[PDB]
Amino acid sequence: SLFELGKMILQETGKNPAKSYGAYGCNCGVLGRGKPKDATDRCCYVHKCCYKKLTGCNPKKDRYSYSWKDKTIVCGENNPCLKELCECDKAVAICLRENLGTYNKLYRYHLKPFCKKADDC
């Protein structure tokens, strides 16, 4: 769920996830996907496509178990859908941290309704 996803982004990036990524670019936060603005935005595009393919569980609300071990996110077995979800969320937290160097505050709180249309996943 968003609880686990936001915790992971905090553990990986050291950043408040809502402030930094609740509405960044065309793909981070609410409101679907759009052509990515930059590498950080592209992380969130891949993440939304990761969710789109999952079936059997709800990426928004379903909770799941994960551990922080040796400063690594380790997804608990859970059940297969929840483990795939934990893996989508892990991957985005890692991707966002990797791309902090080009994060651009201009795209924060971005105007999404003006975003170009996204290619299909």
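All residue numbers refer to positions in the sequence shown, first residue = 1. What we label the rigid core is the largest C-alpha set whose atoms superpose within 1.5 Å from one form to the other.
Chemist: After a rigid core fit, does 65-73 or 78-86 show more C-alpha displacement in 4 other deposited structures of this protein?
Modeler: With the rigid core superposed, the C-alphas that lie farther in 4 other deposited structures of this protein are those of 78-86.
Chemist: Taking only the CA atoms, which stretch has the higher mean B-factor in the record, 50-58 or 67-75?
Modeler: Between 67-75 and 50-58, it is 50-58 that shows the higher mean C-alpha B-factor.
Chemist: Using the B-factors recorded in the PDB entry, average over the C-alpha atoms of 28-36 and of 87-95, then report which stretch comes out higher.
Modeler: Between 28-36 and 87-95, it is 28-36.
Chemist: Ranking the modelled residues of this chain by C-alpha B-factor as given in the entry, is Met8 in the lowest, middle or highest third?
Modeler: As the PDB entry reports it, the C-alpha B-factor of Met8 lands in the lowest third of its chain.
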